[PDB]
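Engineer: This is the structure I have questions about; it appears just below.
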Amino acid sequence: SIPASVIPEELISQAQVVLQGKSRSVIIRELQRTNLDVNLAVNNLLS
Amino acid sequence: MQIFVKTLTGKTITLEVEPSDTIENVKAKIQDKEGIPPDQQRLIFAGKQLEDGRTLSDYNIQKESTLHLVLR
């Protein structure tokens with residue numbers, strides 16, 4: 001996976017703003033799973 | 001009643017709606033304005049996905065409330 005430390009915070013923040021209540025760590029894990037495709041990560045977490 | 005619909009990248013879509021509008025009605029207004037099929041839209045308010053047949057009333061959506069649009 002891509003290391004957490006290299007994920008731009010803007011991608012985490014985009015997910016956070018939609019997924020009120022979700023932690024950064026859940027979002028980071030999903031972004032790593034989806035190759036930083038934030039749209040796919042947020043869809044995955046919504047479903 | 002003006003509301004805002006923010007896309008995932010933080011772009012604002014300003015809409016004029018009524019509290020009695022269903023979520024499906026709101027998706028059709030987004031289709032009209034933005035060209036996005038209702039069947040591809042997920043609308044989120046305070047972290048929860050909104051149900052197509054339920055009105056804005058059922059979510060206490062008010063003037064200047066912000067929804068989030070995610071495409072599926």
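Ordered as shown in the structure tokens, chains take letters A, B, and onward, while each chain numbers its residues from 1 and ligands are numbered from 1 in the order shown.
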Residues of chain B near chain A: apply a cut-off of 9 Å, count only C-alpha atoms, and supply the list as a list in words.
Structural biologist: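 The complete set of qualifying residues is residues 6, 7, 8, 9, 10, 42, 44, 45, 46, 47, 48, 49, 67, 68, 69, 70, 71 and 72 of chain B.
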Engineer: Among region 3-61 of chain B, which ones does DSSP assign to alpha helix (DSSP H) (computed from the backbone)? Answer as an NGL selection string.
Structural biologist: :B and (23-34)
Engineer: Just N, CA, C and O atoms for this one: save the residues we selected as a PDB file, in the first residue's frame.
Structural biologist:
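New file part23.pdb:
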```pdb
ATOM      1  N   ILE B  23     -36.101  13.452  -1.584  1.00  0.00           N
ATOM      2  CA  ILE B  23     -34.698  13.327  -1.972  1.00  0.00           C
ATOM      3  C   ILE B  23     -34.634  13.038  -3.463  1.00  0.00           C
ATOM      4  O   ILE B  23     -33.777  13.589  -4.162  1.00  0.00           O
ATOM      5  N   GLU B  24     -35.494  12.132  -3.925  1.00  0.00           N
ATOM      6  CA  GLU B  24     -35.626  11.910  -5.390  1.00  0.00           C
ATOM      7  C   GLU B  24     -35.886  13.204  -6.179  1.00  0.00           C
ATOM      8  O   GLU B  24     -35.262  13.395  -7.221  1.00  0.00           O
ATOM      9  N   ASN B  25     -36.779  14.089  -5.696  1.00  0.00           N
ATOM     10  CA  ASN B  25     -36.988  15.425  -6.315  1.00  0.00           C
ATOM     11  C   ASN B  25     -35.687  16.230  -6.348  1.00  0.00           C
ATOM     12  O   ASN B  25     -35.407  16.905  -7.337  1.00  0.00           O
ATOM     13  N   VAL B  26     -34.922  16.195  -5.242  1.00  0.00           N
ATOM     14  CA  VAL B  26     -33.647  16.908  -5.169  1.00  0.00           C
ATOM     15  C   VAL B  26     -32.684  16.284  -6.177  1.00  0.00           C
ATOM     16  O   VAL B  26     -31.955  17.039  -6.855  1.00  0.00           O
ATOM     17  N   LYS B  27     -32.692  14.951  -6.330  1.00  0.00           N
ATOM     18  CA  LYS B  27     -31.766  14.357  -7.315  1.00  0.00           C
ATOM     19  C   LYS B  27     -32.090  14.815  -8.762  1.00  0.00           C
ATOM     20  O   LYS B  27     -31.201  15.042  -9.592  1.00  0.00           O
ATOM     21  N   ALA B  28     -33.372  14.981  -9.044  1.00  0.00           N
ATOM     22  CA  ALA B  28     -33.847  15.424 -10.362  1.00  0.00           C
ATOM     23  C   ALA B  28     -33.488  16.871 -10.606  1.00  0.00           C
ATOM     24  O   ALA B  28     -33.145  17.254 -11.734  1.00  0.00           O
ATOM     25  N   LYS B  29     -33.504  17.689  -9.548  1.00  0.00           N
ATOM     26  CA  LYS B  29     -33.005  19.058  -9.709  1.00  0.00           C
ATOM     27  C   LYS B  29     -31.495  19.099  -9.988  1.00  0.00           C
ATOM     28  O   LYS B  29     -31.013  19.981 -10.728  1.00  0.00           O
ATOM     29  N   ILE B  30     -30.751  18.198  -9.350  1.00  0.00           N
ATOM     30  CA  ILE B  30     -29.301  18.075  -9.618  1.00  0.00           C
ATOM     31  C   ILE B  30     -29.077  17.580 -11.044  1.00  0.00           C
ATOM     32  O   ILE B  30     -28.176  18.064 -11.713  1.00  0.00           O
ATOM     33  N   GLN B  31     -29.900  16.636 -11.499  1.00  0.00           N
ATOM     34  CA  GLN B  31     -29.849  16.197 -12.907  1.00  0.00           C
ATOM     35  C   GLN B  31     -30.065  17.388 -13.853  1.00  0.00           C
ATOM     36  O   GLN B  31     -29.246  17.620 -14.784  1.00  0.00           O
ATOM     37  N   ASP B  32     -31.135  18.159 -13.608  1.00  0.00           N
ATOM     38  CA  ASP B  32     -31.427  19.315 -14.445  1.00  0.00           C
ATOM     39  C   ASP B  32     -30.246  20.279 -14.512  1.00  0.00           C
ATOM     40  O   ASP B  32     -29.920  20.778 -15.594  1.00  0.00           O
ATOM     41  N   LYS B  33     -29.642  20.563 -13.354  1.00  0.00           N
ATOM     42  CA  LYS B  33     -28.626  21.602 -13.261  1.00  0.00           C
ATOM     43  C   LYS B  33     -27.255  21.128 -13.746  1.00  0.00           C
ATOM     44  O   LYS B  33     -26.560  21.860 -14.436  1.00  0.00           O
ATOM     45  N   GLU B  34     -26.901  19.898 -13.391  1.00  0.00           N
ATOM     46  CA  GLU B  34     -25.533  19.341 -13.484  1.00  0.00           C
ATOM     47  C   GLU B  34     -25.384  18.231 -14.529  1.00  0.00           C
ATOM     48  O   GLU B  34     -24.255  17.885 -14.939  1.00  0.00           O
TER      49      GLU B  34
END
```
Engineer: Please compute the CA of residue 2 (chain B)-CA of residue 61 (chain B) distance, one decimal, in Å.
Structural biologist: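 Result for CA of residue 2 (chain B) versus CA of residue 61 (chain B): 10.3 Å, one decimal.
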